[PDB]
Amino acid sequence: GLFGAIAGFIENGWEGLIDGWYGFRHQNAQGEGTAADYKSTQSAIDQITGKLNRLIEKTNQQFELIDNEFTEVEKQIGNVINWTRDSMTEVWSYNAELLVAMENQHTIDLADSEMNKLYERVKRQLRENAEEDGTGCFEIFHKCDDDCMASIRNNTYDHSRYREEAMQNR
């Protein structure tokens, strides 16, 4: 991807995360736990959904027969028709290949972007109370229990409360 998170600094995904697209996995004195992020997951899903709504349709444009499979049309007009149809086949096959390749590049980068954004949101929440590991993890210096973890996830975390401790524990 363009944002270097998915298949980037995050080494791999989690099969156990069955609840969403992006999520949190923590480590504290109480043990290890995992949870899905609703907002990030929803933003990616809604955008992919929007692509499908645009792409998955056909036109209300009617075409009729201009040649004949039972008794052949005159050769000259028939060859013009076939040349024209073949040309259209060439244009549409090109359009379809390019459409799908382009959408797929964007779709993959879109998911990578949403991951990076979540990562940065947490980073900004934590201030001087944590430091980046580099593998997609934030080492927190002060003690952080399941409420403290839940507050990080719910974006209700108050950095100033634990600031003195983590600042000293640097």
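One rule holds for the numbers: they count along the sequence shown, beginning at 1.
Stretch comparison (147 to 155 versus 5 to 13) by mean CA B-factor in the PDB entry places 147 to 155 on top. For the pair 14 to 22 and 156 to 164, the mean Cα B-factor is higher in 156 to 164.
Ranking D109, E32, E57, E103 by Cα temperature factor from the entry places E32 first. Among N116, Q61, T49, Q27, the highest C-alpha B-factor in the deposited entry belongs to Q27. When the CA B factors of the chain's modelled residues are split into thirds, the value for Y38 lands in the middle one. When all modelled residues of the chain are sorted by CA temperature factor, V122 is found within the middle third.
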